[PDB]
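A.B. asks: Once you've seen the sequence and the experimental structure below, I've got questions.
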Amino acid sequence: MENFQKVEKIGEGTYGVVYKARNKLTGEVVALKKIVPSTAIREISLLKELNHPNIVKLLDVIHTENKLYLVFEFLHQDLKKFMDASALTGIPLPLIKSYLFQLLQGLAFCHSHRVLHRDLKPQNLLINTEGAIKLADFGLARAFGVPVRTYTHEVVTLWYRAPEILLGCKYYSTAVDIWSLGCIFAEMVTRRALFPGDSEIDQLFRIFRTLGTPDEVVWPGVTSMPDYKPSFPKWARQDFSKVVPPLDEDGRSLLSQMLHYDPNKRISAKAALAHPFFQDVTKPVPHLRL
Ligand SMILES: Cc1nc(C)c(-c2ccnc(Nc3cccc(O)c3)n2)s1
């Protein structure tokens with residue numbers, strides 16, 4: 001732990017704070033995360049074995065006196081920052097499609113190992129000059145528990161939270177990531193958050209206003225979920241034509257299958273990789289400003 005020289009503060013994770021750092025020994029640059037439950041130790045130590053082209057590699061795990069540090073391979077930018085940098089022009093579809101395609105490859109890999117991310121968002125998706133994008137903080141959710149805020153009690157967003165988690169489902173599945181990726185895909189395309197909810201119920205109602213209030217017809221058992229209230233307003237479903245303009249039909253159809261209410265109806269990452277939308281997918285390089 002004294003072999004790392006903090007250089008900057010990358011961000012404020014939900015579990016801990018992240019820093020760009022240099023290994024005083026190897027002299028390598030890395031992303032250092034500070035955060036104890038033994039069950040956790042084993043939990044994360046298993047994640048260190050996750051090796052995929054689209055998963056931010058977890059190099060080492062350091063537990064020292066009521067403290068836990070995670071060493072990750074360093075990447076130069078998070079998807080949020082990049083999107084902001086392209087607000088005026090917007091990311092070209094070829095690049096969007098490529099990112100989406102790689103992201104799903106990773107998700108497919110993690111899901112085939114029963115591992116879930118559970119808190120996907122622009123900030124934990126990292127990109128390099130090579131045109132590759134990667135998932136960061138995978139599995140950690142399970143390693144611990146999801147709080148409300150953080151140390152600065154600042155803001156961790158519900159914007160990408162799947163409906164099942166918002167309605168109280170205790171045992172959600174890998175389908176919650178697809179939904180999150182689903183919402184992120186939309187944001188890239190429109191350059192705006194699909195569901196920018198400022199509270200749980202507001203987050204739920206925005207989804208409703210756009211996808212329509214769910215029922216037993218589209219979502220069997222929905223009315224029996226922990227937080228379902230028969231008193232929920234009933235809104236109609238709006239057509240994606242107005243949701244993701246100007247996205248082509250292939251992407252819109254692919255998107256609607258990522259945004260299905262019934263988790264068992266929501267498309268899997270593996271199946272999504274087979275969708276027509278990726279018929280002409282390529283790997284363009286981004287214009288990154290560092
Ligand atoms: C949140 C995050 N959690 C982890 C583990 C992150 C991580 C991992 C590897 N590399 C980076 N780099 C990075 C670089 C510029 C801006 C940024 O938000 C993140 N961040 S970001």
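C.D. replies: Arrived safely. Residues are numbered from 1 along each chain as shown.
A.B. asks: in which helix or strand would I find the residue nearest the centre of the chain?
C.D. replies: With distances taken as C-alpha atoms, centre = their mean, the chain has residue 120 as the residue nearest its mean C-alpha position (1.5 Å). Applying DSSP states H and E as the criterion places residue 120 outside every helix and strand.
A.B. asks: Could you pull up the contacting residues of the nearest residue to it once chain neighbours are set aside?
C.D. replies: Sequence neighbours aside, residue 180 is the residue nearest to residue 120 in space, at 3.7 Å (criterion: C-beta to C-beta, 6 or more residues apart in numbering). Using the backbone N, CA and C atoms, a C-beta is placed for each residue, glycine as well. Going by C-beta atoms under 8 Å, 6 or more residues apart in numbering, residue 180 touches 117, 119-121, 160-162.
A.B. asks: Mind doing that once more with 7 Å?
C.D. replies: 120, 160, 162 (C-beta atoms under 7 Å, 6 or more residues apart in numbering).
A.B. asks: What does it show for phi and psi?
C.D. replies: Per-residue torsions, residue 180: phi -60, psi -40 (degrees, to the nearest 10).
A.B. asks: what's near enough to touch the residue nearest to the centre of the chain?
C.D. replies: Per C-beta under 7 Å, 6+ apart, neighbours of residue 120: 160, 177, 180-181, 184.
A.B. asks: now residue 106
C.D. replies: 52, 54-55, 134-135.
A.B. asks: After the longest strand seen in the chain, which helix or strand is next? Please name it.
C.D. replies: As assigned by DSSP state E, the longest strand anywhere in the chain is strand 4-12. Per DSSP H and E, strand 4-12 leads on to strand 17-23 as the next helix or strand towards the C-terminus.
A.B. asks: Pull up the pairing partners for that following strand, direction included.
C.D. replies: strand 4-12 (antiparallel), strand 29-34 (antiparallel) (DSSP bridges).
A.B. asks: who wins for proximity to the ligand among those?
C.D. replies: Nearest to the ligand among those is strand 29-34 (3.4 Å), distances taken as C-beta to the nearest ligand atom.
A.B. asks: Show me the longest helix that occurs in this protein.
C.D. replies: Ranked by residue count under DSSP state H, the longest helix found in the chain is helix 93-111.
A.B. asks: So is the helix or strand hosting residue 43 next to the ligand?
C.D. replies: Assessed by DSSP H and E, residue 43 sits inside helix 38-47. No - using C-beta under 6 Å from any ligand atom, helix 38-47 never reaches the ligand; the gap is at least 11.3 Å.
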